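Single chain ahead, by itself, as structure tokens, in the form deposited in one PDB entry.
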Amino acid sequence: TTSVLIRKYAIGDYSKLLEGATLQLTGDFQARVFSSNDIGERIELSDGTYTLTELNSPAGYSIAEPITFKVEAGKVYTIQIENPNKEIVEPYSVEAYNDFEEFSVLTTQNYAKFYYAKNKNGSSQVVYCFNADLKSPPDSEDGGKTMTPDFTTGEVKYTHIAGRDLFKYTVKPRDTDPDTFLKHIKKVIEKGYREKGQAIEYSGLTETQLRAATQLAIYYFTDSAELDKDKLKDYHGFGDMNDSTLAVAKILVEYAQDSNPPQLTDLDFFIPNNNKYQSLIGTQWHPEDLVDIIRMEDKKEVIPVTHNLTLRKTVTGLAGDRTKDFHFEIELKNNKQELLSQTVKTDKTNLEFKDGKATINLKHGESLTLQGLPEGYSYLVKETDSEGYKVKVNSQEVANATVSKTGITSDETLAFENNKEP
């Protein structure tokens, strides 16, 4: 039918898959639980809608939001967009190098940034550094036949993935929208230097000079590099770029930023197995070697992208009924103000939200913590059966027993007090 690989990653360090996560794949097919490993969980799936849930995560990491995806006619979709995560079956197996042997000046000195990635067939494709400040790919003295290993982590090999969802690999990006950023890169590669012995459209310019201009045009978007002679003179040896090349670097950026849509549909991308080394944007595209990855990312819980919402009830006054269930109507929306129809897990029994709404009940001294709510979410909680009582939420008189909060960036607590004097 259709092969997929479940891969767990850690946000911010993709130098290895995150092992030790307990995962659960559910179908709308026998549901199963498995452990995250170093290559990915290989699964054959029939057409249908599936859900991947993290039951618990490794020490240090928060529980990730469940991924719901859809298999249909041999393709995978995430919930409906085409699966943006397509990656080689054996990760950190593709060799990329820096051709230390190759000499071609920028003005007075060797460019010395001739980065390549070896394809399955043995050929090399021109690649560019995606992280200006991180280490260049392994030096090679024989055109990619043998590479210099890293002293600490051994041979630096790369996972080959599709260049979709590239925003999250950038250190200091100029753009704020991931789509607009992917647009910008695609178009720089497009009018930049892609092949050895290609026609150089721009007069009075070598292959290595267009190559250099292309690289700087990537840094423009990936690391907010400026295209100014004065500010580049100690910036990674780009002070050896003549004014003719810099101008072509400008043209590439100005083409990227114009409204025309990108002509290239996809590009190869490469991630090293050492997070001190830079990721690499390819000039070519090899969908043959890529399979569908259902890719889940765990965030460190010290800086969490999800949050807890606690509701407590307290009954005060001598006439208050402490063995009474008060009922609360919760309405949740996401970052983009869409009503959440999902399963919110809790410290007690899990809560099925429908049309943004879900109802709970609490007696005096009872509480309930809704867990794993997304960044920037909002609530609207009403106590529906407040008749008779003077209700305070977080010690504030609320005539209608209804309280809201939007763009929630942290844990919150709604401590309801239900007073009733005699």
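Just so we're on the same page, rigid core means the largest C-alpha set that superposes within 1.5 Å between forms. For every residue, the number given is its place in the sequence shown, counted from 1. Only residues modelled in both forms are compared.
Here the subject shifts to the form deposited in another entry, a form of this protein not shown in this document.
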Next on the checklist: Core-aligned, between this form and the one not shown, one residue among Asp99, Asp165, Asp150, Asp240 moves its CA by 2 Å or more. Tell me which.
Outcome noted: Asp150
Next on the checklist: Flagged pair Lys118/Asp150: C-alpha distance shifts by 3 angstroms or more in that other deposited form. Which direction, closer or farther?
Outcome noted: closer
Next on the checklist: Relative to what's shown here, the Cα pair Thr152 and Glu141 differs by 3 Å or more in that other deposited form. Does it come closer or drift farther?
Outcome noted: closer
Checklist entry - Which parts of the chain move between this form and the one not shown, counting only runs of three or more residues whose C-alpha shifts are all 2 Å or more after core fitting? => result 145-155, 301-306
